[PDB]
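Novice: Chains as they are written, first to last, in full-length UniProt numbering: chain A, 299 to 398, 410 to 446; chain B, 298 to 398, 410 to 446; chain C, 300 to 398, 410 to 446.
Shown next, in the form of structure tokens:
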């Protein structure tokens, strides 16, 4: 493997910083989260987060995005929550089956890390994209 | 080597213990008072090595008490993770460092990437004493 | 086959590696956001190496700056130098020749559906702009 230790919490923090520079007047931040290290592909993980933000903004019309990481013995749950249009419950499988409104890059990267990607409704009003990745221990 | 950055090891261990306390509900985990030590390295990898040491102590050692410590010297830093678990038999030590999770191969790989060593001793607490010795930045 | 590439990290490693090959060269990545694209890591590093080689060996550059500017369209990678530059009437045909010769750069631009072009650099010599489309 080309897999290496990745501080997923820091990855999200930098992703929010950089996204804020690309999408003007987007409010995008990492919500307070404990540090979580996994072993993975940092370019691939970052890509999946970038794509999630880009779809939230460009296709969901989001103006607020929150990134979060919740950890456990099982691994990590990364979430990308937005206040955009969201995804109707019966359109999720089709959305993950499409490359960019398409989240197929996210699904691809989750699979490469032995985890899964799914969609839920956000408390922010739009989509909540959840990537669950296995922990290194 | 050009990926290496300053790491407050004592602060890293302090947050590793706090984050671990949240993951393992029963566990008593803390950093024993140690002087500030700065080295050069890879903070994700060093933190991983610690996480993996605590994970092994709890999941496979049945530890309910873990103590983290850092001792500085002219040679660099000695990080130890001590637990009150079942420990590691002397004859199983090298075999544990070759195995990925009881398996500490992640600790050994990170120790090596930093020009240092990971070794297993016996702890005063009853279980294992995992020692990483890492050369200083000068 | 194209794979996620942290272009910014690629540029940084290319600067570090060039710094040890060329005596009396100040070569660096200027502060730049992390940008991931999908691409051919070996070809993209080759393009950057070729740009640095041409600035130093043929332009006489003693200072080279690499940069990456991200946007929704993708990434604009620039290699600026303080050498003698590329004459204006040479700025398109130079991308057709191998090494003064930047055909390897043009080739990689095209494989990524991007473009490579040359402009005046603030540093005095050439500014080579490689634009690559984003993954999203």
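Just so it is clear, CB atoms sit at the ideal spot from N, CA and C, and this is done for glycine as well.
How is residue 436 (chain A) classed by DSSP in three states: helix, strand or coil?
Specialist: Residue state, collapsed to three classes: strand.
Novice: CA-CA distance, residue 332 (chain A) and residue 431 (chain C)?
Specialist: Taking the straight line joining both Cα atoms gives about 44 Å.
Novice: Which residue comes first and which comes last in the beta strand (DSSP E) that contains residue 430 (chain B)?
Specialist: That run of the beta strand (DSSP E) goes 425-430.
Novice: For residue 355 (chain B), is the classification buried or exposed, using 16 other Cβ atoms within 10 angstroms of its Cβ as the cut-off for buried?
Specialist: Under this definition residue 355 (chain B) is a buried residue.
Novice: Determine, using beta carbons only, whether residue 361 (chain C) comes closer than 7 Å to chain A.
Specialist: Residue 361 (chain C) does not count as touching chain A.
Novice: Return the residue from the list C:419, C:435, C:345 and C:415 that minimises the CA-CA distance to residue 382 (chain C).
Specialist: It is C:435 whose Cα lies nearest to the Cα of residue 382 (chain C).
Novice: Quick check: is the beta carbon of residue 307 (chain A) nearer than 7 Å to any beta carbon in chain B?
Specialist: No, its Cβ sits nowhere closer than 7 Å to a Cβ of chain B.
Novice: Is any beta-carbon of chain C found at less than 7 Å from that of residue 344 (chain A)?
Specialist: Judged by the 7 Å Cβ criterion, residue 344 (chain A) is in contact with chain C.
Novice: What does the alpha-carbon distance come out to for the pair residue 390 (chain B) and residue 302 (chain A)?
Specialist: Distance between the alpha carbons of residue 390 (chain B) and residue 302 (chain A) is about 24 Å.
Novice: Which residues in chain C sit within 7 Å of residue 320 (chain A), going by Cβ to Cβ distance?
Specialist: Within 7 Å Cβ-Cβ: 369, 370 and 371.
Novice: Considering only the beta carbon of each residue, do residue 304 (chain B) and residue 338 (chain B) sit closer than 7 Å?
Specialist: A contact, by the Cβ cut-off of 7 Å.
Novice: If residue 414 (chain A) sits next to residue 445 (chain C), beta carbons under 8 Å apart, how far is it from one beta carbon to the other, in whole angstroms?
Specialist: That belief holds up - the Cβ atoms of residue 414 (chain A) and residue 445 (chain C) are roughly 7 Å apart, short of 8 Å.
Novice: Who are the near neighbours of residue 317 (chain A) in its chain, counting only those whose CB is closer than 6 Å to its CB and skipping five residues on each side?
Specialist: The answer, listed in chain order, is 326 and 351.
Novice: Residue 309 (chain B) to residue 344 (chain B), Cα distance in whole Å?
Specialist: Rounded to the nearest angstrom, the two C-alpha atoms are 7 Å apart.
Novice: Which class does residue 391 (chain C) belong to by DSSP, given the choice of helix, strand or coil?
Specialist: Coil.
Novice: Please work out which residues of its chain come closer than 6 Å, Cβ to Cβ, to residue 368 (chain A), disregarding the five sequence neighbours upstream and downstream, and give them in chain order.
Specialist: These residues qualify, in order along the chain: 375.
Novice: For a contact defined as C-beta to C-beta under 7 Å, what are the partners of residue 335 (chain A) on chain B?
Specialist: By Cβ distance, chain B contributes 341, 344, 345 and 348.
Novice: Would residue 441 (chain B) and residue 379 (chain B) qualify as a contact pair, given that the criterion is a beta-carbon distance under 7 Å?
Specialist: Contact: no.
Novice: Along the beta strand (DSSP E) that carries residue 303 (chain A), what are the first and last residues, could you check?
Specialist: Note, residue 303 (chain A): beta strand (DSSP E), 302-305.
Novice: Judging by CA-CA distance, which residue of C:443, C:396, C:429 and C:398 is the nearest neighbour of residue 421 (chain C)?
Specialist: Checked all of C:443, C:396, C:429 and C:398; the closest Cα to residue 421 (chain C) is C:443.
Novice: Looking at residue 410 (chain C): is its Cβ nearer than 7 Å to the Cβ of residue 353 (chain C)?
Specialist: Contact flag set, yes.
Novice: Does the distance between the C-beta of residue 338 (chain B) and the nearest non-hydrogen atom of the ligand SAM fall short of 6 Å?
Specialist: This structure does not include the ligand SAM; it has no bound ligands of any sort.
Novice: Alpha carbon to alpha carbon, how far is residue 448 (chain A) from residue 385 (chain A)?
Specialist: Chain A is shown from 299 up to 446; residue 448 (chain A) falls before or after that span and cannot be answered.
Novice: Check this for me: beta carbons of residue 313 (chain B) and residue 363 (chain B), under 7 Å apart or not?
Specialist: No, they are not a contact pair.
Novice: Which residue comes first and which comes last in the beta strand (DSSP E) that contains residue 342 (chain A)?
Specialist: Counting along the chain, residue 342 (chain A) falls outside any beta strand (DSSP E), though it belongs to the alpha helix (DSSP H) covering 340-356.
Novice: For residue 396 (chain C), which three-state DSSP category applies?
Specialist: Coil at residue 396 (chain C), not helix or strand.
Novice: Which whole-angstrom value is the C-beta distance of residue 393 (chain A) and residue 428 (chain A), which I expect to be below 8 Å?
Specialist: The Cβ separation is near 7 Å, so the contact holds.
Novice: Closer than 7 Å, Cβ to Cβ, to anything on chain B: give me those residues from the segment 378-398 of chain A, in chain order.
Specialist: The segment 378-398 of chain A vs chain B, Cβ under 7 Å: nothing.
Novice: So, is the C-beta of residue 311 (chain A) closer than 7 Å to a C-beta in chain C?
Specialist: Cβ-Cβ to chain C under 7 Å: no for residue 311 (chain A).
Novice: Give the secondary structure of residue 318 (chain A) by DSSP, where H, G and I count as helix, E and B as strand, and everything else as coil.
Specialist: In this structure, residue 318 (chain A) counts as helix in the three-state DSSP scheme.
Novice: Between residue 423 (chain C) and residue 300 (chain C), what straight-line distance do the alpha-carbon atoms span, to the nearest angstrom?
Specialist: Approximately 14 Å, taken between the alpha carbons.
Novice: For a contact meaning CB atoms closer than 9 Å, what does residue 316 (chain A) contact in chain C?
Specialist: What residue 316 (chain A) touches in chain C: 332, 333, 334 and 369.
Novice: For residue 315 (chain C), which option in C:365, C:340, C:439 and C:418 has the closest C-alpha, if you only look at C-alpha atoms?
Specialist: Measuring from the Cα of residue 315 (chain C), the nearest candidate turns out to be C:365.
Novice: Got a sec? Which residues, its chain only, sit under 7 Å from residue 398 (chain B) by beta carbon, not counting five neighbours each side?
Specialist: So the list reads 349, 352 and 353, once near-sequence residues are dropped.
Novice: Return the chain-ordered list of same chain residues with a C-beta closer than 8 Å to the C-beta of residue 340 (chain B), the five sequence neighbours on each side being excluded.
Specialist: Contacts found: 302, 304 and 309.
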